[PDB]
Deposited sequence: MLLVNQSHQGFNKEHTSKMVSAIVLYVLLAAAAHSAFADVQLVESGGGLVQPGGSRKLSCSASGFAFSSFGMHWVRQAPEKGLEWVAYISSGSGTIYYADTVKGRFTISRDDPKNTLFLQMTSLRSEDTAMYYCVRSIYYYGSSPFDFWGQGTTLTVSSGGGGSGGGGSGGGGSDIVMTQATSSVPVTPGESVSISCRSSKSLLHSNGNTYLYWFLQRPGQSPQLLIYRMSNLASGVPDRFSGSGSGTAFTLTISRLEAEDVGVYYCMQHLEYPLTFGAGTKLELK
């Protein structure tokens, strides 16, 4: 089955360097572009770097530009992130995310477990309505979010993505493009929005639905993740 296994991390002296290596199996690695997403301790998701299929295009975040470099080795189905001048703020759990781009595609469909990294001792802004809300089984909830810039492109596609993170687990894609449910996701979830205001509704809440919900925009790089909303039982 599809699987991503990250390796590298642990303790690193400030200003040091190390190469994080992710191994992909169960799918055609060469056909998928790759992203690195880091989540700081008790913080939201943050995009780090992106490398397209064939290494034809590479992008970095301004906080990452120059300091970290991303590469891929297709024959061995491996992804590498060489990090140098590691600042104290770089401590986080890093996940490797696959993404496939074509008409009707659902990028960010799979997320790796990721690895921990710790140290010794101009863009679209996404915001969410509330940090947490109460929940009970069988109830209906509606999380809301907004973006500084309208995500409705001239082509007619609204580039909004909803991700759900379980406690002690990596995030998973729920809805892509604000109107398409991710494959395998239960039909309970339903995303909607207009221009700049978006909402994810759950028809009937289940015990498993509790978790941290994140919103992402793919209109233009860097990819910004809004503050997570904690859905607590």
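- Absent C-alpha positions map to the deposited sequence ranges 1-38, 160-173, 286, in order along the chain.
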